Amino acid sequence: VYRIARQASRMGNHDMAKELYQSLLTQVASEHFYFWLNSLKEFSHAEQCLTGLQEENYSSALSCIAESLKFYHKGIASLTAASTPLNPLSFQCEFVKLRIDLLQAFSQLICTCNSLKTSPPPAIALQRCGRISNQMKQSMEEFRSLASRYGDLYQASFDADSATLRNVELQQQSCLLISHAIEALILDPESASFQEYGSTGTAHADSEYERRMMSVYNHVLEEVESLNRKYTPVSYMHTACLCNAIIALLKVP
Amino acid sequence: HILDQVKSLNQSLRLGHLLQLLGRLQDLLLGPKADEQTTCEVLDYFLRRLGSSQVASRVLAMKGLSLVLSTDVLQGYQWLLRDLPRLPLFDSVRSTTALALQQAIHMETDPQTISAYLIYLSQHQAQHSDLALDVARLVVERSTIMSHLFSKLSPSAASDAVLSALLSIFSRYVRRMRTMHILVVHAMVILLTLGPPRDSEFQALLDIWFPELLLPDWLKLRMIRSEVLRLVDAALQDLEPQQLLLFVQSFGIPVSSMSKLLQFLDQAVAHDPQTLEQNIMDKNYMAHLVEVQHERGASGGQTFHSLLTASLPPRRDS
Amino acid sequence: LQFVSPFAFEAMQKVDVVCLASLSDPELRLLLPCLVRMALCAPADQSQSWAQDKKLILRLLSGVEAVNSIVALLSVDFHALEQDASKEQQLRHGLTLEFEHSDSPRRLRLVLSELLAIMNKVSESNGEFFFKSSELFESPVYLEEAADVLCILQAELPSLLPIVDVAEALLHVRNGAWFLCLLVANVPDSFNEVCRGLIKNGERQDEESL
């Protein structure tokens with residue numbers, strides 16, 4: 001049951017993994033493995049809760065991300081209790097903390113999507129956009145910090161597979177994509193949006209998850225390039241395309 | 001210096017010079033209230049702290065005056081009517097106390113305390129009525145106390161008693177008297193626009209006016225959100241479309257009175273639309289506000305909304 | 001003192017006007033100022049769906065009587081006040097009676113001076129943490145709703161009032177926790193940065209000190 005649930009959480013079938021981990025909490029002897037299995041159950045439940053994103057619905061997006069965050073750092077609460085002096089759960093804790101930070105940054109960015117229409121611009125005759133310019137500046141800084149932290153997790157692993165390293169690189173590219181999507185069409189479309197045409201030749205993606213991630217990356221980059229200077233930097237299309245790029249990134253488990 | 005060295009010397013010397021006990025003072029002072037004279041000067045100085053700027057002086061004055069005569073509204077019952085009849089001589093309940101407590105309520109912020117004060121005025125002569133209407137219009141000049149006390153969604157007997165008492169004292173003044181410091185009539189109309197108590201004096205103050213500079217600056221908003229229909233008719237019978245354009249963006253107006261103001265702006269546009277359309281400068285916002293007030297409640301204005309929409313250049317893209 | 005209900009906060013945060021119309025009248029009264037700001041001013045979004053949402057949000061704020069005072073508060077020219085606060089800042093290098101005895105720009109000026117005084121006392125001290133930095137007009141209970149509304153207006157118009165600095169300043173007010181809660185309820189995206197600013201100062205419980 002544990003190995004089947006492990007494969008389920010490997011391939012993204014997280015409701016199945018959640019049920020199998022619920023079936024396993026009474027089978028362990030040590031409380032350490034109980035905390036580990038409970039944390040796995042909560043992570044699978046949170047990733048299952050992330051599957052409620054249908055399309056374009058930012059309110060339901062906020063609801064699903066909030067529920068997933070609640071379950072997911074309940075899971076990290078139960079995961080750091082499973083950390084041992086011998087074989088600590090260092091990579092698991094860092095990966096889950098980075099996923100928490102990425103989901104929280106996604107929720108904050110959707111809150112800024114909503115804070116475009118809410119909280120109207122100040123009494124000012126970039127500039128004359130209100131607090132939202134500084135909000136996307138802080139969001140870009142947070143996503144770039146997340147990219148650097150995914151990079152240092154990559155550099156600190158050294159024992160992973162090619163597949164796990166590719167997964168960490170995919171998460172880093174996800175938050176790098178969000179930071180670039182902020183920069184190229186909110187902060188400075190004139191300075192940004194160079195000839196960033198990725199030479200998509202032999203897409204040698206080893207997993208279906210990797211194929212979905214690069215398809216999402218290509219779609220979002222094409223949308224950003226197609227909406228580079230078509231609108232003023234305070235735009236409803238800019239927030240919509242970025243804020244739906246969030247949904248496209250989170251739709252794949 | 002003259003400050004630092006002085007402070008150091010004052011801290012070092014600690015000379016107090018000629019520097020429980022409440023019961024002794026209260027039972028050696030309650031006696032002179034019912035037996036003696038000139039002890040009321042101490043009460044006058046005690047009531048002078050109610051006129052002080054700081055909150056704490058008024059708080060301690062209220063706390064000290066609560067027990068010397070002997071659930072804040074219940075405190076009002078225990079302190080206004082139970083300890084009313086004759087503790088002092090008749091001099092100490094007259095204008096000597098009344099003026100002091102009148103100057104107390106101008107900066108007084110507690111609403112039920114103000115309620116107790118105005119109840120005390122209603123309980124108990126021409127100059128007395130003059131000062132009573134002066135302090136009445138002065139406390140009506142601030143609208144936050146009527147906003148907090150009188151809520152149409154929170155019917156309380158205290159507010160009804162307050163408004164009935166004010167109607168009673170204004171009945172007494174209008175019976176006394178039948179350019180004239182015309183703010184008092186504005187005050188009395190803006191508290192009779194509250195509505196009747198949940199008594200008969202309300203209809204008296206209602207029908208003394210409306211004979212079937214002097215008023216229009218800010219009145220129509222508050223005497224249109226009133227639910228009484230006579231004031232609605234008095235509003236609609238004496239206006240021209242400039243104030244119609246003034247109150248078209250005012251809010252809080254209920255459904256019935258927005259229907260009457262909609263039909264009156266409709267017939268105003270039917271009379272002469274050119275001046276009212278030239279006076280306003282916003283077009284999309286004007287159409288937006290009349291549309292949302294059209295679909296918010298009763299419609300009332302189907303044709304002339306389309307007329308004013310077609311007069312302005314309409315939206316070219318869906 | 002009531003607080004903003006959670007469901008009202010998700011309705012404000014998700015800007016879902018359908019469930020925002022199902023709010024109670026006191027909750028709507030607490031949440032007025034940001035709705036007035038997004039309804040009266042230019043939308044700055046300029047989409048048909050948000051135009052329809054603004055049309056639906058203009059309905060429930062029309063029936064409220066207290067929104068006219070807020071509309072008058074928007075009418076004050078804030079451009080002159082930003083140099084006035086700047087000149088008052090360079091000089092630094094009953095309040096309720098004046099509140100109901102002065103007009104809207106003077107009410108803005110006095111509340112703004114109070115807020116900058118509390119901010120300057122916060123920034124001057126390292127870890128003093130005065131329980132009552134200034135017992136003032138925020139302490140009366142009768143006029144605290146208009147005080148909180150005008151504080152929200154004086155916060156979300158200029159950049160001279162930082163959100164985390166206002167959050168740290170309202171801690172020393174004797175009733176400023178409710179003010180901070182409704183102010184965060186007015187600016188929904190700032191909840192994370194207010195929480196981050198408030199956690200980042202003060203290490204232990206200090207034996208449950210002020």
# chains A, B, ... in the order shown; residues from 1 in each chain; ligands from 1

call {"tool": "interface_residues", "arguments": {"of": "chain C", "to": "chain A", "cutoff": "6 Å", "atoms": "only C-alpha atoms", "output": "list in words"}}
result
residues 14, 38, 45, 157 and 189 of chain C

call {"tool": "write_last_selection", "arguments": {"atoms": "N, CA, C and O atoms", "output": "PDB file, in the first residue's frame"}}
result
ATOM      1  N   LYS C  14     -11.834  38.401  -2.358  1.00  0.00           N
ATOM      2  CA  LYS C  14     -12.131  37.786  -3.644  1.00  0.00           C
ATOM      3  C   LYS C  14     -12.900  38.710  -4.574  1.00  0.00           C
ATOM      4  O   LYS C  14     -13.244  38.282  -5.681  1.00  0.00           O
ATOM      5  N   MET C  38     -13.377  52.516  -4.699  1.00  0.00           N
ATOM      6  CA  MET C  38     -13.424  51.857  -6.000  1.00  0.00           C
ATOM      7  C   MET C  38     -14.643  52.260  -6.816  1.00  0.00           C
ATOM      8  O   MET C  38     -14.638  52.079  -8.039  1.00  0.00           O
ATOM      9  N   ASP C  45      -9.109  49.879 -13.875  1.00  0.00           N
ATOM     10  CA  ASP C  45      -9.093  48.550 -14.466  1.00  0.00           C
ATOM     11  C   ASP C  45      -9.629  48.570 -15.890  1.00  0.00           C
ATOM     12  O   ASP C  45      -8.997  48.018 -16.794  1.00  0.00           O
ATOM     13  N   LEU C 157      -5.201  56.923   0.382  1.00  0.00           N
ATOM     14  CA  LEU C 157      -4.909  57.957  -0.611  1.00  0.00           C
ATOM     15  C   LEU C 157      -3.410  58.229  -0.797  1.00  0.00           C
ATOM     16  O   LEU C 157      -2.945  58.156  -1.940  1.00  0.00           O
ATOM     17  N   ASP C 189      -5.141  42.951   0.099  1.00  0.00           N
ATOM     18  CA  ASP C 189      -3.874  42.338  -0.282  1.00  0.00           C
ATOM     19  C   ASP C 189      -2.761  42.610   0.719  1.00  0.00           C
ATOM     20  O   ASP C 189      -1.709  41.968   0.639  1.00  0.00           O
TER      21      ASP C 189
END

call {"tool": "residues_around", "arguments": {"residues": "residue 238 in chain B", "least_positions_apart": "4", "cutoff": "10 Å", "atoms": "only C-alpha atoms", "output": "ChimeraX atom specification"}}
result
/B:216,233-234

call {"tool": "write_last_selection", "arguments": {"atoms": "N, CA, C and O atoms", "output": "tab-separated table (two decimals), in the first residue's frame"}}
result
chain	number	residue	atom	x	y	z
B	216	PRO	N	-33.41	76.31	2.20
B	216	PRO	CA	-32.63	75.42	1.32
B	216	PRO	C	-31.14	75.68	1.31
B	216	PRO	O	-30.68	76.60	0.62
B	233	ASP	N	-43.50	65.68	0.50
B	233	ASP	CA	-44.26	66.64	-0.30
B	233	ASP	C	-43.69	68.05	-0.16
B	233	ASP	O	-43.59	68.79	-1.15
B	234	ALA	N	-43.31	68.43	1.06
B	234	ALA	CA	-42.71	69.74	1.29
B	234	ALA	C	-41.36	69.86	0.61
B	234	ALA	O	-40.95	70.97	0.24

call {"tool": "residues_around", "arguments": {"residues": "residue 52 in chain C", "least_positions_apart": "6", "cutoff": "12 Å", "atoms": "only C-alpha atoms", "output": "list in words"}}
result
residues 288, 291 and 292 of chain B; 16, 17, 18, 39, 43, 46, 58 and 59 of chain C

call {"tool": "atom_distance", "arguments": {"atom1": "CA of residue 153 in chain C", "atom2": "CA of residue 220 in chain B"}}
result
26.8 Å

call {"tool": "residues_around", "arguments": {"residues": "residue 64 in chain B", "least_positions_apart": "4", "cutoff": "10 Å", "atoms": "only C-alpha atoms", "output": "NGL selection string"}}
result
:B and (22 or 26 or 46 or 58-60 or 68-69)

call {"tool": "write_last_selection", "arguments": {"atoms": "C-alpha atoms", "output": "PDB file, in the first residue's frame"}}
result
ATOM      1  CA  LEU B  22     -15.166  59.624  50.743  1.00  0.00           C
ATOM      2  CA  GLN B  26     -20.299  62.625  51.731  1.00  0.00           C
ATOM      3  CA  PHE B  46     -17.584  70.213  41.317  1.00  0.00           C
ATOM      4  CA  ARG B  58     -15.795  64.656  33.598  1.00  0.00           C
ATOM      5  CA  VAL B  59     -15.415  60.944  34.394  1.00  0.00           C
ATOM      6  CA  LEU B  60     -14.493  61.610  38.028  1.00  0.00           C
ATOM      7  CA  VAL B  68     -23.406  61.760  46.890  1.00  0.00           C
ATOM      8  CA  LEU B  69     -27.111  61.929  46.007  1.00  0.00           C
TER       9      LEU B  69
END

call {"tool": "residues_around", "arguments": {"residues": "residue 218 in chain B", "least_positions_apart": "6", "cutoff": "12 Å", "atoms": "only C-alpha atoms", "output": "number ranges by chain"}}
result
B: 186, 190, 224, 235, 243, 246-247, 250

call {"tool": "closest_atom_pairs", "arguments": {"of": "chain B", "to": "chain C", "cutoff": "8 Å", "atoms": "only C-alpha atoms", "output": "JSON lines"}}
result
{"residue": "B:53", "atom": "CA", "partner": "C:94", "partner_atom": "CA", "distance": 5.5}
{"residue": "B:54", "atom": "CA", "partner": "C:94", "partner_atom": "CA", "distance": 6.8}
{"residue": "B:107", "atom": "CA", "partner": "C:97", "partner_atom": "CA", "distance": 6.2}
{"residue": "B:109", "atom": "CA", "partner": "C:142", "partner_atom": "CA", "distance": 7.3}
{"residue": "B:110", "atom": "CA", "partner": "C:142", "partner_atom": "CA", "distance": 7.3}
{"residue": "B:111", "atom": "CA", "partner": "C:142", "partner_atom": "CA", "distance": 7.8}
{"residue": "B:142", "atom": "CA", "partner": "C:100", "partner_atom": "CA", "distance": 6.2}
{"residue": "B:144", "atom": "CA", "partner": "C:143", "partner_atom": "CA", "distance": 7.2}
{"residue": "B:145", "atom": "CA", "partner": "C:142", "partner_atom": "CA", "distance": 7.8}
{"residue": "B:148", "atom": "CA", "partner": "C:142", "partner_atom": "CA", "distance": 6.9}
{"residue": "B:250", "atom": "CA", "partner": "C:68", "partner_atom": "CA", "distance": 6.6}
{"residue": "B:251", "atom": "CA", "partner": "C:62", "partner_atom": "CA", "distance": 4.9}
{"residue": "B:252", "atom": "CA", "partner": "C:65", "partner_atom": "CA", "distance": 3.8}
{"residue": "B:253", "atom": "CA", "partner": "C:63", "partner_atom": "CA", "distance": 6.2}
{"residue": "B:254", "atom": "CA", "partner": "C:63", "partner_atom": "CA", "distance": 6.5}
{"residue": "B:288", "atom": "CA", "partner": "C:55", "partner_atom": "CA", "distance": 7.4}
{"residue": "B:289", "atom": "CA", "partner": "C:58", "partner_atom": "CA", "distance": 7.9}
{"residue": "B:292", "atom": "CA", "partner": "C:59", "partner_atom": "CA", "distance": 6.1}
{"residue": "B:293", "atom": "CA", "partner": "C:59", "partner_atom": "CA", "distance": 7.0}
{"residue": "B:296", "atom": "CA", "partner": "C:59", "partner_atom": "CA", "distance": 5.4}

call {"tool": "atom_distance", "arguments": {"atom1": "CA of residue 88 in chain B", "atom2": "CA of residue 128 in chain B"}}
result
20.0 Å

call {"tool": "residues_around", "arguments": {"residues": "residue 182 in chain C", "least_positions_apart": "3", "cutoff": "12 Å", "atoms": "only C-alpha atoms", "output": "PyMOL selection string"}}
result
chain C and resi 1-6+8-9+12+27-34+144-145+147-152+167+170+175-179+185-188+190-191

call {"tool": "closest_residue", "arguments": {"among": "C:7, C:172, C:106, C:36", "to": "residue 23 in chain C", "atoms": "only C-alpha atoms"}}
result
C:7

call {"tool": "atom_distance", "arguments": {"atom1": "CA of residue 114 in chain B", "atom2": "CA of residue 34 in chain B"}}
result
26.8 Å

call {"tool": "residues_around", "arguments": {"residues": "residue 187 in chain A", "least_positions_apart": "3", "cutoff": "10 Å", "atoms": "only C-alpha atoms", "output": "list in words"}}
result
residues 126, 133, 134, 136, 137, 140, 180, 181, 182, 183, 184, 190, 191, 192, 233 and 234 of chain A

call {"tool": "write_last_selection", "arguments": {"atoms": "N, CA and C atoms", "output": "mmCIF file, in the first residue's frame"}}
result
data_model
loop_
_atom_site.group_PDB
_atom_site.id
_atom_site.type_symbol
_atom_site.label_atom_id
_atom_site.label_comp_id
_atom_site.auth_asym_id
_atom_site.auth_seq_id
_atom_site.Cartn_x
_atom_site.Cartn_y
_atom_site.Cartn_z
ATOM 1 N N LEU A 126 4.136 51.643 -13.103
ATOM 2 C CA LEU A 126 4.951 52.821 -12.835
ATOM 3 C C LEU A 126 4.213 53.802 -11.934
ATOM 4 N N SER A 133 1.873 49.081 -8.111
ATOM 5 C CA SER A 133 3.215 49.050 -8.684
ATOM 6 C C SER A 133 4.221 48.504 -7.679
ATOM 7 N N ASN A 134 4.171 49.007 -6.444
ATOM 8 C CA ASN A 134 5.018 48.467 -5.389
ATOM 9 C C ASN A 134 4.631 47.038 -5.038
ATOM 10 N N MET A 136 3.478 44.634 -7.187
ATOM 11 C CA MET A 136 4.155 43.767 -8.152
ATOM 12 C C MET A 136 5.670 43.829 -8.024
ATOM 13 N N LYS A 137 6.229 44.947 -7.552
ATOM 14 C CA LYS A 137 7.664 44.974 -7.278
ATOM 15 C C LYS A 137 8.029 43.987 -6.173
ATOM 16 N N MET A 140 7.617 40.417 -7.553
ATOM 17 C CA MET A 140 8.778 40.046 -8.353
ATOM 18 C C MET A 140 9.974 39.709 -7.478
ATOM 19 N N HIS A 180 9.466 36.814 -14.534
ATOM 20 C CA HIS A 180 9.640 37.434 -15.843
ATOM 21 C C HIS A 180 8.320 37.942 -16.407
ATOM 22 N N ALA A 181 7.215 37.245 -16.137
ATOM 23 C CA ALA A 181 5.914 37.714 -16.592
ATOM 24 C C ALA A 181 5.491 38.980 -15.863
ATOM 25 N N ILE A 182 5.880 39.124 -14.596
ATOM 26 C CA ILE A 182 5.676 40.396 -13.910
ATOM 27 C C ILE A 182 6.501 41.488 -14.577
ATOM 28 N N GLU A 183 7.788 41.214 -14.806
ATOM 29 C CA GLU A 183 8.711 42.254 -15.256
ATOM 30 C C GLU A 183 8.401 42.720 -16.674
ATOM 31 N N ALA A 184 8.142 41.783 -17.585
ATOM 32 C CA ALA A 184 8.040 42.111 -19.000
ATOM 33 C C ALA A 184 6.742 42.808 -19.369
ATOM 34 N N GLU A 190 9.322 48.171 -21.984
ATOM 35 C CA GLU A 190 10.269 48.735 -22.940
ATOM 36 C C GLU A 190 11.658 48.132 -22.766
ATOM 37 N N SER A 191 12.131 48.040 -21.522
ATOM 38 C CA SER A 191 13.469 47.510 -21.280
ATOM 39 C C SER A 191 13.511 45.998 -21.459
ATOM 40 N N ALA A 192 12.434 45.311 -21.098
ATOM 41 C CA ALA A 192 12.376 43.862 -21.183
ATOM 42 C C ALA A 192 11.867 43.442 -22.561
ATOM 43 N N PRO A 233 0.801 49.918 -18.805
ATOM 44 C CA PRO A 233 1.240 49.049 -17.697
ATOM 45 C C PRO A 233 0.208 48.836 -16.597
ATOM 46 N N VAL A 234 -0.757 49.734 -16.417
ATOM 47 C CA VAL A 234 -1.904 49.442 -15.563
ATOM 48 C C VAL A 234 -3.035 48.859 -16.418
#

call {"tool": "closest_residue", "arguments": {"among": "C:183, C:70, C:112, C:171", "to": "residue 198 in chain C", "atoms": "only C-alpha atoms"}}
result
C:171
